[PDB]
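Contents: one structure, followed by commentary.
All Cβ positions, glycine included, derive from the backbone under ideal geometry; neighbour counts span all protein chains shown. The numbers here are math on the coordinates, done by the rules we state, and not lab data.
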Amino acid sequence: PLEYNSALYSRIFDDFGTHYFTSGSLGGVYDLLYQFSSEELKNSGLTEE
Amino acid sequence: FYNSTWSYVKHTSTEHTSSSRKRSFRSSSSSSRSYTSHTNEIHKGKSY
């Protein structure tokens, strides 16, 4: 609309966003996390009478 | 995961001996006993 209406104009930001890229970098991202844990109990009791 | 393992031996041996003799006559008595109690236990629990 030519007259101002906050709703209808706000739908422009909903659909297309507030900004655009003037410049930038494209590429890729790798992220990893690994978490090993281990435990070992041994028992060797001997008793004699 | 975890891997529980248990290995239990109980061995008991018990012995009794009683020899007696009396004379004046002759008399004698011998008694002998051997007892054993044994338990072997193995228990395991493995979970993943």
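For segment B:2-48, which residues satisfy the criterion of being part of a strand (DSSP E or B) and over 28 Å from the mean Cα position of the chain (by Cα)? B:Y2, B:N3, B:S4, B:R21, B:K22, B:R23, B:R26, B:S27, B:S28, B:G45, B:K46, B:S47 - these are the residues of segment B:2-48 that are part of a strand (DSSP E or B) and over 28 Å from the mean Cα position of the chain (by Cα). Restricting attention to segment B:1-39, the residues being within 14 Å of chain A (Cβ to nearest Cβ), more than 21 Å from A:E48 (Cα to Cα) and not aromatic (F, W, Y) number 3.
In segment B:36-47, the count of residues that are over 30 Å from A:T47 (Cβ atoms) and touching a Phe, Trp or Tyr at 6+ places or on another chain (Cβ under 7 Å) is one or more.
The single condition from (1) touching a strand residue (DSSP E or B) at 6+ places or on another chain (Cβ under 9 Å); (2) assigned to a helix (DSSP H, G or I) that A:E39 fails is (2).
Mind checking whether some residue in segment A:17-36 is exposed (fewer than 10 other Cβ atoms within 10 Å of the Cβ), within 14 Å of chain B (Cβ to nearest Cβ) and of a type outside the set (S, T, Y)? Step through it out loud before you land on a result.
As a first pass, look at segment A:17-36 and keep what is exposed (fewer than 10 other Cβ atoms within 10 Å of the Cβ): A:17-36.
Those still in the list that are within 14 Å of chain B (Cβ to nearest Cβ) too: A:36.
Imposing the further condition that a residue be of a type outside the set (S, T, Y) reduces the set to A:36.
Yes, there is a match, as at least one residue in segment A:17-36 is exposed (fewer than 10 other Cβ atoms within 10 Å of the Cβ), within 14 Å of chain B (Cβ to nearest Cβ) and of a type outside the set (S, T, Y).
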